[PDB]
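> Compact mmCIF, C-alpha atoms, file data.txt:
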# COMPACT_ATOMS: atom_id res chain seq x y z
CA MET O 1 86.73 121.84 106.82
CA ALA O 2 87.76 119.11 104.40
CA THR O 3 91.09 118.52 102.69
CA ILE O 4 91.18 119.67 99.04
CA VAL O 5 91.46 116.13 97.72
CA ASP O 6 89.07 114.63 100.28
CA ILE O 7 86.31 116.79 98.90
CA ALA O 8 86.79 114.95 95.58
CA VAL O 9 85.10 111.89 97.11
CA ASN O 10 82.68 114.26 98.85
CA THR O 11 81.69 116.25 95.77
CA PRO O 12 78.09 115.85 94.55
CA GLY O 13 79.10 114.97 91.02
CA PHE O 14 81.66 117.71 90.47
CA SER O 15 83.77 118.12 87.35
CA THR O 16 85.84 115.20 86.07
CA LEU O 17 88.79 116.96 87.71
CA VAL O 18 87.72 115.41 91.03
CA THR O 19 87.27 112.03 89.45
CA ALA O 20 90.59 112.18 87.64
CA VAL O 21 92.36 111.94 91.00
CA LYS O 22 89.74 109.46 92.23
CA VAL O 23 90.34 107.22 89.23
CA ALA O 24 94.08 107.76 89.38
CA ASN O 25 93.86 106.50 92.97
CA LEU O 26 95.60 109.66 94.21
CA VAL O 27 92.58 110.58 96.31
CA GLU O 28 94.42 109.03 99.23
CA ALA O 29 97.78 110.30 97.96
CA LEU O 30 97.08 114.06 97.75
CA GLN O 31 95.82 113.81 101.35
CA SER O 32 99.32 114.55 102.66
CA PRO O 33 98.87 117.41 105.20
CA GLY O 34 102.59 118.05 105.30
CA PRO O 35 104.80 119.76 102.68
CA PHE O 36 104.33 120.00 98.90
CA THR O 37 106.93 120.04 96.13
CA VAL O 38 105.77 121.41 92.80
CA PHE O 39 107.81 120.99 89.63
CA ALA O 40 106.85 124.19 87.86
CA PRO O 41 106.93 124.13 84.04
CA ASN O 42 107.94 127.44 82.44
CA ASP O 43 106.11 129.09 79.55
CA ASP O 44 107.96 126.87 77.08
CA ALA O 45 107.30 123.86 79.23
CA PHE O 46 103.65 124.82 79.52
CA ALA O 47 103.97 124.60 75.76
CA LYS O 48 104.74 120.90 76.17
CA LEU O 49 101.45 120.41 77.98
CA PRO O 50 99.01 120.78 74.99
CA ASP O 51 98.28 117.13 74.17
CA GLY O 52 101.92 116.25 74.62
CA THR O 53 103.73 115.08 77.71
CA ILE O 54 100.79 114.76 80.07
CA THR O 55 99.02 112.80 77.38
CA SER O 56 101.72 110.11 77.52
CA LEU O 57 101.94 110.62 81.25
CA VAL O 58 98.24 109.80 81.57
CA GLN O 59 98.83 106.60 79.62
CA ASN O 60 101.48 106.07 82.22
CA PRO O 61 100.98 105.03 85.92
CA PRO O 62 98.68 106.97 88.44
CA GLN O 63 100.75 110.20 88.01
CA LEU O 64 97.59 111.65 86.42
CA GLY O 65 96.25 112.46 89.89
CA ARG O 66 99.30 114.62 90.52
CA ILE O 67 98.98 116.38 87.19
CA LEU O 68 95.34 117.46 87.62
CA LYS O 69 95.39 119.95 90.47
CA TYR O 70 98.87 121.11 91.42
CA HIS O 71 101.21 118.78 89.48
CA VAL O 72 102.75 118.34 92.91
CA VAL O 73 104.47 115.76 95.10
CA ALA O 74 104.25 115.80 98.91
CA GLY O 75 107.50 116.20 100.72
CA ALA O 76 109.34 119.51 100.59
CA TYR O 77 112.46 118.71 98.60
CA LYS O 78 115.03 121.29 97.61
CA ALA O 79 117.11 120.78 94.44
CA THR O 80 119.92 119.39 96.57
CA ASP O 81 117.72 116.61 97.98
CA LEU O 82 116.42 115.47 94.61
CA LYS O 83 119.87 115.46 93.03
CA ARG O 84 121.43 113.79 96.06
CA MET O 85 119.07 110.91 95.41
CA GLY O 86 119.32 111.25 91.66
CA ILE O 87 115.64 110.48 91.40
CA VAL O 88 112.30 111.85 92.54
CA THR O 89 109.17 110.01 93.58
CA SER O 90 105.64 111.19 92.89
CA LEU O 91 102.91 111.36 95.52
CA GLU O 92 101.62 108.24 93.81
CA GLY O 93 105.02 106.62 93.88
CA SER O 94 106.29 107.30 90.37
CA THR O 95 110.05 107.83 90.26
CA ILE O 96 111.73 110.22 87.81
CA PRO O 97 115.55 110.29 87.48
CA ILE O 98 117.32 113.46 88.49
CA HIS O 99 120.32 114.77 86.61
CA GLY O 100 122.42 117.86 87.11
CA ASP O 101 125.47 119.10 85.25
CA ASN O 102 125.16 122.61 86.62
CA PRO O 103 121.41 123.28 87.14
CA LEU O 104 119.03 120.65 88.46
CA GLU O 105 117.72 118.25 85.87
CA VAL O 106 114.50 116.31 85.98
CA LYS O 107 113.51 113.65 83.39
CA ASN O 108 113.81 115.29 79.96
CA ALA O 109 113.61 118.73 81.56
CA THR O 110 116.07 121.24 82.96
CA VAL O 111 115.58 123.27 86.09
CA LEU O 112 115.62 127.03 85.75
CA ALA O 113 114.92 127.76 89.38
CA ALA O 114 114.48 125.53 92.39
CA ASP O 115 114.87 125.69 96.15
CA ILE O 116 111.80 127.85 95.91
CA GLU O 117 110.00 127.68 99.22
CA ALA O 118 106.40 127.11 98.24
CA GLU O 119 103.22 127.44 100.27
CA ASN O 120 103.76 124.05 101.87
CA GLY O 121 107.02 122.93 100.31
CA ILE O 122 109.10 123.79 97.30
CA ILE O 123 108.60 124.89 93.71
CA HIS O 124 110.99 124.08 90.88
CA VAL O 125 110.90 125.53 87.43
CA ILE O 126 111.60 123.31 84.45
CA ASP O 127 111.80 124.11 80.78
CA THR O 128 110.07 120.93 79.76
CA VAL O 129 107.08 119.05 81.06
Let me see whether you can do it: turn the structure in this file into structure tokens.

Amino acid sequence: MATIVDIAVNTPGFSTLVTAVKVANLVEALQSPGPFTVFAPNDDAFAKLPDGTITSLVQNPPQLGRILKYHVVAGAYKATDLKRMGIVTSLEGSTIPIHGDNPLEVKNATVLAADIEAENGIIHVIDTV
């Protein structure tokens, strides 16, 4: 009935997870019905998560809202699109510079596998959050 994110404003006092996007102002951002590009952190990148990257990333601009649910950005981009631009923009509007010597490269991370057609867009594995 309702869009995943929309429900966050609809929730009768749900977990802070719904408010984290609401506060991050991504309640209107995640609403994108189109495609979804997820930068997927590997097991060693998931190891960057524990009070590390996302902690500084929360101190950073609205990107929190992206982090919470799917760590995703709307707009199905394959590695070739990101690198062509040399930068990537979050659903919120946060840009991250793309590199690429041989694999795709995102911020301080390296892409293990991208061009992965996700549910709505694309997934892209990085070794570093």
> My list of candidates is O:83, O:69, O:78, O:22. Which is closest to residue 122 (chain O) when distances are computed with only C-alpha atoms?
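Comparing O:83, O:69, O:78, O:22 against residue 122 (chain O), the winner is O:78.
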> With only C-alpha atoms as the basis for distance, which of O:51, O:37, O:57, O:75 is at the shortest distance from residue 117 (chain O)?
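The shortest atom-to-atom distance to residue 117 (chain O) comes from O:37.
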> From the set O:82, O:73, O:47, O:111, which residue has the shortest atom-to-atom contact distance to residue 26 (chain O), counting only C-alpha atoms?
O:73
> May I have the residues within 9 Å of residue 35 (chain O) as a PyMOL selection string, using only C-alpha atoms and disregarding those fewer than 4 positions away in the same chain?
chain O and resi 73-77+118-122
> Counting only C-alpha atoms, figure out which residue out of O:105, O:125, O:113, O:65 gets nearest to residue 16 (chain O).
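Between O:105, O:125, O:113, O:65, the residue approaching residue 16 (chain O) most closely is O:65.
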> Which residue, O:72, O:2, O:106, O:20, has the smallest gap to residue 87 (chain O) when you use all atoms listed in the file?
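Between O:72, O:2, O:106, O:20, the residue approaching residue 87 (chain O) most closely is O:106.
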> Provide the CA of residue 107 (chain O) to CA of residue 64 (chain O) distance in Å, to one decimal place.
16.3 Å
> Can you complete the atoms of region 85-117 of chain O to N, CA and C atoms and list them as a CSV table (one decimal), in the coordinates of the input?

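Below is the file selection-v2.csv, written as the result:
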chain,number,residue,atom,x,y,z
O,85,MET,N,119.7,112.2,95.7
O,85,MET,CA,119.1,110.9,95.4
O,85,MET,C,119.2,110.5,94.0
O,86,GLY,N,119.2,111.5,93.1
O,86,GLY,CA,119.3,111.2,91.7
O,86,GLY,C,118.0,110.8,91.0
O,87,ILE,N,117.0,110.9,91.8
O,87,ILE,CA,115.6,110.5,91.4
O,87,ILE,C,114.6,111.1,92.3
O,88,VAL,N,113.4,111.2,91.8
O,88,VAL,CA,112.3,111.8,92.5
O,88,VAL,C,111.1,111.0,92.5
O,89,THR,N,110.3,110.9,93.6
O,89,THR,CA,109.2,110.0,93.6
O,89,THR,C,107.9,110.8,93.7
O,90,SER,N,106.9,110.5,92.9
O,90,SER,CA,105.6,111.2,92.9
O,90,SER,C,104.9,110.8,94.1
O,91,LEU,N,103.8,111.6,94.4
O,91,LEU,CA,102.9,111.4,95.5
O,91,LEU,C,102.3,110.0,95.4
O,92,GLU,N,102.2,109.5,94.1
O,92,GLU,CA,101.6,108.2,93.8
O,92,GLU,C,102.7,107.2,94.0
O,93,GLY,N,103.9,107.6,93.8
O,93,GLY,CA,105.0,106.6,93.9
O,93,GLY,C,105.7,106.4,92.6
O,94,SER,N,105.6,107.4,91.6
O,94,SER,CA,106.3,107.3,90.4
O,94,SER,C,107.6,108.0,90.5
O,95,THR,N,108.7,107.3,90.2
O,95,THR,CA,110.0,107.8,90.3
O,95,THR,C,110.5,108.4,88.9
O,96,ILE,N,111.2,109.6,89.0
O,96,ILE,CA,111.7,110.2,87.8
O,96,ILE,C,113.2,110.5,88.1
O,97,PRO,N,114.1,110.1,87.2
O,97,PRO,CA,115.6,110.3,87.5
O,97,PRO,C,116.0,111.7,87.4
O,98,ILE,N,116.8,112.1,88.4
O,98,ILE,CA,117.3,113.5,88.5
O,98,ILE,C,118.7,113.5,87.9
O,99,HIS,N,119.0,114.5,87.2
O,99,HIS,CA,120.3,114.8,86.6
O,99,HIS,C,120.8,116.1,87.1
O,100,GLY,N,121.9,116.6,86.7
O,100,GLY,CA,122.4,117.9,87.1
O,100,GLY,C,123.9,118.1,86.8
O,101,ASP,N,124.1,118.7,85.7
O,101,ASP,CA,125.5,119.1,85.2
O,101,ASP,C,125.9,120.4,86.0
O,102,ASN,N,125.0,121.3,85.9
O,102,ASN,CA,125.2,122.6,86.6
O,102,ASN,C,123.9,123.0,87.3
O,103,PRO,N,122.7,123.1,86.5
O,103,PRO,CA,121.4,123.3,87.1
O,103,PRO,C,120.8,121.9,87.5
O,104,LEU,N,119.7,121.9,88.2
O,104,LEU,CA,119.0,120.6,88.5
O,104,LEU,C,118.4,120.1,87.2
O,105,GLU,N,118.2,118.8,87.1
O,105,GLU,CA,117.7,118.2,85.9
O,105,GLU,C,116.8,117.1,86.2
O,106,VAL,N,115.6,117.2,85.7
O,106,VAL,CA,114.5,116.3,86.0
O,106,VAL,C,113.9,115.7,84.7
O,107,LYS,N,113.9,114.4,84.6
O,107,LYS,CA,113.5,113.6,83.4
O,107,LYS,C,114.1,114.3,82.1
O,108,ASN,N,113.3,114.7,81.2
O,108,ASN,CA,113.8,115.3,80.0
O,108,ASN,C,113.7,116.8,80.1
O,109,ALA,N,113.7,117.3,81.3
O,109,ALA,CA,113.6,118.7,81.6
O,109,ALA,C,114.8,119.3,82.3
O,110,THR,N,115.0,120.6,82.3
O,110,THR,CA,116.1,121.2,83.0
O,110,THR,C,115.5,122.3,83.9
O,111,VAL,N,116.1,122.4,85.1
O,111,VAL,CA,115.6,123.3,86.1
O,111,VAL,C,116.1,124.7,85.9
O,112,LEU,N,115.2,125.6,85.9
O,112,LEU,CA,115.6,127.0,85.8
O,112,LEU,C,115.8,127.6,87.1
O,113,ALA,N,114.9,127.2,88.1
O,113,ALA,CA,114.9,127.8,89.4
O,113,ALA,C,114.3,126.8,90.4
O,114,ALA,N,115.0,126.4,91.3
O,114,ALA,CA,114.5,125.5,92.4
O,114,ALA,C,115.0,126.0,93.7
O,115,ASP,N,114.6,125.3,94.8
O,115,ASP,CA,114.9,125.7,96.2
O,115,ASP,C,113.9,126.9,96.5
O,116,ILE,N,112.8,126.8,95.7
O,116,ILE,CA,111.8,127.8,95.9
O,116,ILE,C,110.8,127.4,97.0
O,117,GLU,N,110.9,128.1,98.1
O,117,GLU,CA,110.0,127.7,99.2
O,117,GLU,C,108.6,128.0,98.9
